[PDB]
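Enquirer: Have a look at this one.
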Amino acid sequence: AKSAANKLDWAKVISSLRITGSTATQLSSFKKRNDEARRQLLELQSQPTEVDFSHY
Amino acid sequence: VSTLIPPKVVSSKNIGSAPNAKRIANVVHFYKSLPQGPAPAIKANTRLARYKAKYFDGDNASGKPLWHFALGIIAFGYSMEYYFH
């Protein structure tokens, strides 16, 4: 699932907690989470390509 | 966006902390460590390694060698008294 990717991500953010000199690796990961969450809402926002021509 | 490459790079944690210094000490010290040390002194042999062993070992410090050592000097001058008298 998407949850596998995200679980490994947030676990790794908290692993990245346990390592220093990697203070912006997690910020890149956060961005990856953001856009991942963006594409699902992009997809949910969708207007189906076809025009309505049955009713409309 | 694409993760950075630091988490998978390690190469200076081995100077980065204090027990590294201790580690390189105690790999030499302990690796070539003996189970027990060598000696608490033992030489003075001529039937006097026994004198040292009984009196001047770590086993005891007691007044017996003192008495013995005193008596040697007493025996020298006491005999010499009759050499002078």
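Enquirer: When A:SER29 is evaluated against the numbered criteria (1) touching a helix residue (DSSP H, G or I) at 6+ places or on another chain (Cβ under 6 Å); (2) polar (S, T, N, Q); (3) away from chain B (no Cβ under 14 Å), which criterion, by number, is the only one it fails?
Expert: (3)
Enquirer: Within segment A:15-38, which residues are without any contact (Cβ under 8 Å) to a residue 12 or more places away in the chain, surrounded by 10 or more Cβ atoms within 10 Å (Cβ to Cβ) and of a type outside the set (S, T, N, Q)?
Expert: Scanning segment A:15-38 gives A:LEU17, A:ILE19, A:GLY21, A:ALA24, A:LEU27, A:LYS31, A:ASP35, A:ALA37, A:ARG38.
Enquirer: Still on this model: Do any residues in segment B:1-27 that are within 11 Å of another protein chain (Cβ to nearest Cβ) have Cβ atoms under 9 Å from those of residues that are surrounded by fewer than 10 Cβ atoms within 10 Å (Cβ to Cβ) and assigned to a helix (DSSP H, G or I), where the two are at least six apart or on different chains, and which pairs are they?
Expert: none
Enquirer: Quick check: is even one residue across segment B:22-30 part of a helix (DSSP H, G or I), of a type in the set (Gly, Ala, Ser) and over 27 Å from the mean Cα position of the chain (by Cα)? Spell out how you get there, then give the answer.
Expert: Of all residues in segment B:22-30, those part of a helix (DSSP H, G or I) come to B:22-29.
Filter again for of a type in the set (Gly, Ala, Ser), leaving B:25.
After this cut, where a residue has to be over 27 Å from the mean Cα position of the chain (by Cα) as well, the list is none.
Within segment B:22-30, not a single residue is part of a helix (DSSP H, G or I), of a type in the set (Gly, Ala, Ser) and over 27 Å from the mean Cα position of the chain (by Cα).
Enquirer: Just checking, does segment A:25-34 include any residue being farther than 27 Å from B:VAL9 by Cα and either in contact with a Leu (Cβ under 9 Å, 6 or more places away or on another chain) or not in a helix (DSSP H, G or I) (or both)? Break it down stepwise before answering.
Expert: Kept after step one, since they are farther than 27 Å from B:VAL9 by Cα, are these residues of segment A:25-34: none.
No: zero hits.
Enquirer: Let me ask another. Of all residues being of a type in the set (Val, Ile, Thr) and in a helix (DSSP H, G or I) in segment B:37-85, which is nearest to the chain's Cα centre (by Cα)? Just the residue, please.
Expert: Among those residues, the one meeting the criterion is B:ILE73.
Please note: Cβ atoms are built from the backbone with ideal geometry, for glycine as well, and neighbour counts cover all protein chains shown. Since every read-out is calculated from the coordinates, none of them should be taken as a lab result.
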